[PDB]
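Reading the structure
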Amino acid sequence: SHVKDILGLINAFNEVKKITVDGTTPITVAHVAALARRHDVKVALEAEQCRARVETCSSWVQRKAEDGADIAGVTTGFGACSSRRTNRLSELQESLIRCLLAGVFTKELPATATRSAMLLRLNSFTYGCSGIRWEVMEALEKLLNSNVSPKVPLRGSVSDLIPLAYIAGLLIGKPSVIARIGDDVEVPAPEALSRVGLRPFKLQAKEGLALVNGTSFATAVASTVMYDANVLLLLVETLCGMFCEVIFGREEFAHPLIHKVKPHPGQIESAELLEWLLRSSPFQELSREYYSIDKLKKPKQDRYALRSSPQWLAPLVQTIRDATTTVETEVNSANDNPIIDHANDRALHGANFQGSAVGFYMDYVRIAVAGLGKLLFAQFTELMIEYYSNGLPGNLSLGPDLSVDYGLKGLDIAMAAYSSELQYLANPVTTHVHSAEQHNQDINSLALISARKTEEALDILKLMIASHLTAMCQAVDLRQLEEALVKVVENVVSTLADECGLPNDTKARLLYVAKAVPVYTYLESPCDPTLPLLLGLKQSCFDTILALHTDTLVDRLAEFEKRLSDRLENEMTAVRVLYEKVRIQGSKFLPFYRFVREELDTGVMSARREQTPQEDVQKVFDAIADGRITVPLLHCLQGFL
Amino acid sequence: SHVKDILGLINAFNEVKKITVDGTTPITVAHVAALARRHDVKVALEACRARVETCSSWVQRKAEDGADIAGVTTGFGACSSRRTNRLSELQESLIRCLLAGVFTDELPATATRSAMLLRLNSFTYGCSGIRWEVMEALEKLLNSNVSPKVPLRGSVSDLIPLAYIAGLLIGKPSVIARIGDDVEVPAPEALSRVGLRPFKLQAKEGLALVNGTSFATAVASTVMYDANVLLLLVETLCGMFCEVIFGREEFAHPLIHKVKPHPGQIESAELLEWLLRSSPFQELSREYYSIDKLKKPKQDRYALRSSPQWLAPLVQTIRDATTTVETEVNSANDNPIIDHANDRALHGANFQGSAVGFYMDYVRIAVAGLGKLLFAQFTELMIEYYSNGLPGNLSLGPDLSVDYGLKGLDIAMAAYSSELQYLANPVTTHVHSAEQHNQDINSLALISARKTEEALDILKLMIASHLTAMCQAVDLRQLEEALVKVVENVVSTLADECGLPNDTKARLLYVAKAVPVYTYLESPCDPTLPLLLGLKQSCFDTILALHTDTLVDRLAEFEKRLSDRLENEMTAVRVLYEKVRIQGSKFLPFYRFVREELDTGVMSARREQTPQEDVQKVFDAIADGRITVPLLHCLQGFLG
Amino acid sequence: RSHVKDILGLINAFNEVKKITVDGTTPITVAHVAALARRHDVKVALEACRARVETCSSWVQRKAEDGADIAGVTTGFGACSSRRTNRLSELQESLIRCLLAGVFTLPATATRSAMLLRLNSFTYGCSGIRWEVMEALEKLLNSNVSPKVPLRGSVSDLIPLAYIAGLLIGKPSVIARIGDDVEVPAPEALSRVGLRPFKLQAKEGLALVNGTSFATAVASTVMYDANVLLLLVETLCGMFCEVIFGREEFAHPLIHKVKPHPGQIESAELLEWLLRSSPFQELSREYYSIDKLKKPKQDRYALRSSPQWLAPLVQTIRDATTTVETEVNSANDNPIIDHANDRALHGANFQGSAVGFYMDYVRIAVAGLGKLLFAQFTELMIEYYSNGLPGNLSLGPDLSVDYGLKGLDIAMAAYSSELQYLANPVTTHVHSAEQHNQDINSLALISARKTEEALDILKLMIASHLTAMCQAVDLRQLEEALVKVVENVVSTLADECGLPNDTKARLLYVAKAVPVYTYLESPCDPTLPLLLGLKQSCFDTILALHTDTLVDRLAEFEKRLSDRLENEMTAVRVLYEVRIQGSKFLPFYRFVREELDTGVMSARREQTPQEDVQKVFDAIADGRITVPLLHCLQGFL
Ligand SMILES: O=C(O)/C=C/c1ccccc1
Ligand SMILES: O=C(O)/C=C/c1ccccc1
Ligand SMILES: O=C(O)/C=C/c1ccccc1
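Residues numbered from 1 in each chain as written, not as in the entry; some residues may be left out. Chains lettered and ligands numbered in written order. Part of a larger assembly, values for the part shown. Heavy atoms only, no water.

If you check the header, you'll see the entry was determined by X-ray crystallography and the resolution is listed as 1.90 Å.

Written out as structure tokens, the structure reads:
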């Protein structure tokens, strides 16, 4: 299952301490993300594996260039200018870098992406096709492990000459290039090199081109994008189960036979996960009891945001998993040109610098992320509306006084804003190819641009997941309070039926109403005669007077109402206050509920809780952003397959 | 390799004679396209029958005994809380409600018949509750070329359009039915003409007919068949582009792609290396770059050199999408799912067409990517600065003042590419909360499939144009080789006649070989054009090297003789050509097909046929499938 | 009379305003909003409209206390309006609590602009807010205090406005900036400016949040910038003509009179004036008089079709400015209190759709301006389309180690590509929102934000294009000087070698007619176009005069070309390292070269393309670019 594969990525992300870079061992997206996000993670460039290969290629290129071999961008001009020959080998390479230091700082790429790119460029060199000197690769390793990286302008690549030239610029000690050292220091490139015991390199044949002629920045951003897309995908799938529990869904939507006869792999696998999460759920028992009361006046099936979730998820799962493979292939490639086949004495002229595999798949993933967002939006919408939430209060407002408690209405508005922007972001970037660079680059991938937009889409999806999880924790509390309140109402009604000495017929009629009327429809003023509890009791009292048909019966029914009116509300208040100062204990989603309530320190939302919705959702968002959310996710899933 | 898979699709499309429908044998997109486009292809529903019967009997029996089953003893969609024992009238009321489209324009019969096949196929899995007799009727209608006229729009994926198939089966008079290409009659008359009687819907049968993905998936099936064929055509014609543009075939060298191993990158390059190995045009290319080598580009522009990298995601998208669409074709897309073996009806959402919808979005982006590749290649071909000796606009002339060549096609190619990029925005991002907020997610698959279909129509136009231009370029390259040999022989011959020294003779022949003929073809002895400029430059040099009055006498005589004979010899060879490298090329079948089989010729002011007339013939051959004959011929022997 | 004068008016107002008067009758323009955002010496002056404000606030408080039925005042909010209540203050406090729902994953300029716009809306006396709250807004604005606001959450501006309300009522969770440096909790911020936290009275929470202030604040600075940058682009089409050797006839008034889109007429009118008696158009005419019948009769579309292209873009930007200013000067609040007639009027003036749709349109028009710059830049970089200029505007002479502006050229494609992507619409993505109460909503802040991003990219493109054109000016001036040297050397060598007068004249024609940048790299190279032309002229002379003395002298001429030619060409170039002096674009060239301290780009100039373009970009961003723009346009109309 893809579920196992994603769990695999998460564990690798958590567990890795050293990234082996040797030209044969694969780098995964989890490794790239770990490097970027955990500074304890170090790069290990292995000499025994690949130094010999690199040195053979290096000396082949320098020897061949000095003897006047005709090789593009080595004894030849760049791009549209490859007709121009020259024997000024070093100055050809110097002139390239000067030409490409052409980005502009408005008011930049983050260090996470820049360090990831440096890693990917280093990896590309290990295949021994580039002609770069081993010593430069050692410098890249040292800069990575010492937290040194250049400040890079955001824009300029059609996919990654301009942004990579800033890495080259650091390596050759260009004084105009500014480098970070950790989080606090920044200094000119030459001073950065001296602080980590390096000297500026003088570029030899092909070395300038080797540094800049790759897909490292697009593929770097795409790598962290795809790691995040996997984690958030699994989180969304998992939380569809929690949604079923709180909304009072019918778990039959996940039955394996439904998906066996429409066997999209992502449909089968998401449904398999959901069935396991919901099997013998204590919340699904509450749902079953709810639909057994007044059965023929309630919906036979759930709305699509739940019932249709495996079908919806199918292409989204498949897109994210297929895109991960493609991105990792790019990570583990010689993306450079010319390709030096030193063994056969040939410089091979192609276009491995073309970022098209990444570019197209970034467009697809962004569409899939918008699909995940729409699912979340539709589920959240149902949850806020009492007509669609099967007993829950509008806006998940606890009240009891709803006139000063609008619950999660602000989050609901925000969810619409999030979905809307996300759907806009999902238009493609690859459809905007311009004929570029003196019409030499008449097709180009725009991969870094697309990756950056998919990254922005995932930021928004994070926000949407944080809100949805926060709302579902609120709904857990309201369902647990609901169960407790109905028991109080039944007890008061039963006891008072005895105290006032009503017949059995009457008593049982009244107890059915107490059981059947949704408690959140009258919690605000339980004895208000226009609200649904009294409305139901009154009609039951009229029927019982008709069925028994007297003055004594009426005396006692009148006494029942008075006694209700001095006792009911206080006992309902008491149980709610106790709750504020249990089905979730048997739910697979207990680790999420515990995480949010205890570890992040929150509570049921109400006018008596002074923390804003922002304060609560911020805590959840931060835990999603920094990876802490994977702990309850893995806890929730333990034992699965 | 995907190449062998696509060849397999094409062969299946051509060779199938009956589609076996039995609930276990897979239907492929080639089968669906065959059924749609070749009316001799018949459906054979193979009795599966026992399962279907057991299912219908269970449903009818349970409904009658008051079982609670959505859309069967329950209202539809957002109204599923309302129950009823009026089993037949519940089903008739659904069809009436869904006969809600408007004619503005309709879904074509090809799509409607494909949808009828896909609905029939869904029923074979024994999950739907429909009667076997209704399935037999669908088979008969399919084999008799009867289909309802269906409105284009109204599905968010396919209740409304499917209701017209149901309407035909129950003989609704307001439902108009096609029989073949012209006859249109009311549903009851159509049923009578093919020996059928209207059905009276029993429990669940209305819902069974309408509650699936057959229309979106039908359009998606022919969309994917075409995307596979057009993909292979584009990849193959990248090799023909290399031949006419004087490319360097090294871009397809396997080591380059081994070290960046995207499967579609490796597989496209593998095909291209094989296509270009031993090419006679690549011989001409190598000879071309050996002359003034240091004044000519070292490598090609991206539209060629980067083609395998560009093609890689396009290949992978089209192949993966094909698998997903076929999974849907071979599914029970219906609800509830009757699990009669376990005495249960299961409530889910297999009618949700999201797998198809999302993949139609991706394929449309990939198709836009193919169109951009074609546009870029075509652009280079039309511009003399980028075409390595070909005339601008591929204009033969010789009088270019009244011959603008393929400039009209060039303008059109920009219009095609531009529309195509617009079409490739996603449909799935426009999900509205629909049907009293019951359908708060919905796939829009039929809408998306329709837009991808529109994109592929434009792609066909671009392919037709590009192939037409490359046949022109083949002719221009063959005439170029013959014209230079004539120029060489005349210069060699006149050098002898005029008693020029060997230093002189060597210089003048170098010029004759080195100067691109299309730069002076319009007036070969014009002293301001490149041949004479070159000869005059070499004559000054020879006078200085040999330093006289006798040499000058002879050089003046050379210029005079050239001025009396050169034009006439160049004219005669061209006139003769208008009334050989390609014979050794793997693309010979394309050139032969376009030139001989479609009856075309080198384009010029002396050829009466318009660009329209020529490209129309190629487009028609792409659209009706005849183009696969030269394609399969071209690829014969690839990978054994 | 012209949109050009209207834009010059905006710029002057932006520069010159000292105080923004807020009074319920004097309009606020987009230049006023931008000036308050960007010039901290600009103060707000709330003019005590006091009477009508007080009348309105007392009407609302009294009516609410007496149990009048008013939405969001004695009833719940949005989808909850069925619920009535007499808990007047708590209702308003419950609203703010509910709306502090953003998350940190908006700049102070936008927040302060939004504060200005909310204050303005209140001056019309329709809102019920207390005068004292308005006084507080004025004080916060003038003291540079504003809340830190989350970027997202509005469908247009409840959530971001709630952070302004949270500041006013001293919510501890709300963080406030005071100037550029310090951040403190709201209560601390209020006390530092001598304010106390407000306790919201009837309608005040709603009044504070139920508006279009944020969408409209971002849109105001967007429209200010769009006007300035449009004029800059139009103006610089004239500079493009000068450097590319265009034919100025494309801007002739009759062409545009017979297709009279106002934007077409007015942009052509500017360009005609800019190009009249241009010293570069004089050079252009001389160029096309040499081998006239071998050169294009017309220019390519990026220049010749510029007025037709600009027409819709001018019109969209000017029309959108009007709409945005109408919104700035509106009571965007609900209910609207008609105190004179004792009615609270229930409508939807909080709906930002006028702004939202126009932000979509302007984003499309900005993408159009970008495409025009990209096309022009592309022409300039390609020797086949630049009428004599070197590829990539590379000075060389050694082109093998000078790729010129190739980096900037790649970046322009990247800029254009992203810009075209951004210009898809936001307003087509309306979701049914807020328990299906907001089943239509404008998304105006989101759209304004995307148009703002598009304008950031357009600034980069303009900075690049101006830098390239300054390079081109230098290359054109050097070109004229170099051709003079070649002519003089050829001329004197012809006399000195005793060549016939007709031979001399043919050789001098070659020197005038061959583009110098095709042989600057090695002028005596016998395969480059100078020597190719001279060789064919020398053979033609030999035939014409058909001797061993003539040939001796022609051979000496060729040889002695190596004595002096290259050294003289090198000398004039190094010395270079008057035509612009008489151009209307002199102020741009002088600004870029002298004021910003740059020079002709080459391998000998140590500064990178980044360093040069950064200077130009900064001047565009901070507004310094308007000084040379206004200088250039002095006297127009
Ligand atoms: O084709 C290549 O290998 C390199 C192209 C290029 C173009 C511009 C700058 C640098 C390299
Ligand atoms: O869920 C189903 O099985 C059917 C839903 C539906 C909705 C509208 C019309 C008909 C059927
Ligand atoms: O005027 C309306 O209909 C709604 C206003 C509003 C204010 C806050 C939250 C939601 C709605």
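1. With respect to the sheet that holds strand β4 (residues 178-181) of chain A
All names here are of chain A. Sheet architecture is open: three strands sit in the order β3-β4-β5, paired in antiparallel fashion. At either end of the open sheet lies a strand with only one pairing partner, and these are β3 (148-150) and β5 (185-188). Adjacent strand axes in the sheet meet at a mean angle of 30° when their direction is disregarded. Bridge count between β3 and β4: three bridges; the pairing is antiparallel. Looking across to β4, one finds that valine 148 is bridged to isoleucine 181. Docked against the sheet, helix α7 (residues 161-171) engages β3 and β4, running at close to 125° with respect to β3. (Pairing = 2+ DSSP bridges. Helix = DSSP H or I, 4+ residues; strand = E, 2+ residues; numbered from the N terminus. Axes fitted to C-alpha atoms, helices over the stretch in contact; angles between N-to-C directions. Contact = heavy atoms within 4.5 Å.)

2. Focus: the nonpolar core
In terms of nonpolar packing, the biggest core is built from 660 residues, with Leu383 of chain A, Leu381 of chain B together with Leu380 of chain C touching the most fellow members. Once you skip the residues sitting within four places of it in the chain, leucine 383 of chain A turns out to touch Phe243, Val246, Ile247, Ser389, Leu392, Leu396, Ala471, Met472 and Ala475 of chain A. (Core = buried A, V, L, I, M, F, W, Y, C linked by side-chain atoms within 4.5 Å. Buried < 20%, exposed > 50% of the residue type's maximum accessible area, 1.4 Å probe, protein only.)

3. What to know about the site of ligand 1
Around ligand 1, the surrounding shell holds 13 residues, and the nearest of these are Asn213, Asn337 and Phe353 of chain A together with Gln299 and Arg305 of chain B. Near ligand 1, residues from chains A, B and C are present, making the site a shared one. Within the side chain of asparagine 213 of chain A, one N or O atom sits 3.1 Å away from an oxygen atom of ligand 1. A distance of 2.9 Å is found between an oxygen atom of ligand 1 and a side-chain nitrogen or oxygen belonging to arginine 305 of chain B. The fraction of the free accessible surface of ligand 1 (310 Å²) that becomes covered by protein chains is 98%. Looking at the shell around ligand 1 residue by residue, the class counts come to five nonpolar, five polar and three charged. (Near = heavy atom within 4 Å. Polar contact = N/O pair within 3.5 Å; in protein donor to acceptor, adjacent residues only side chain to side chain. Areas by Shrake-Rupley, 256 points an atom, 1.4 Å probe, with all protein chains shown as cover. Nonpolar A, V, L, I, M, F, W, Y, C, P; charged D, E, K, R; others polar.)

4. Focus on the domain arrangement of chain C
Residue and element names in this part refer to chain C. Here chain C is partitioned into domain 1 (1-211), domain 2 (212-478 + 578-637) and domain 3 (479-577). Its C-alpha centre places domain 1 at a distance of 34 Å from the equivalent point of domain 2. Contact with domain 1, which involves 64 residues of that partner, is made by 61 residues of domain 2. Considering only the side of domain 1, the residues that lose the most area to domain 2 are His3, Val30 and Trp59, jointly responsible for 13% of the buried surface there. In this assembly, domain 1 and domain 2 are joined by four salt bridges. For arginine 118, the salt bridge is made with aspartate 333, and the minimal N-O distance between the two is 3.7 Å. Where domain 1 packs against domain 2, one counts 26 residue pairs in polar contact. The element contributing the most residues to the side of domain 1 that touches domain 2 is helix α1 (residues 3-16), with eleven residues. Across the side of domain 1 that touches domain 2, the residue classes tally to 36 nonpolar, 18 polar and ten charged. (Domains from an automatic or database assignment. Buried area = accessible area lost by both parts, 1.4 Å probe. Salt bridge = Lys/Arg side-chain N within 4 Å of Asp/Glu carboxyl O.)

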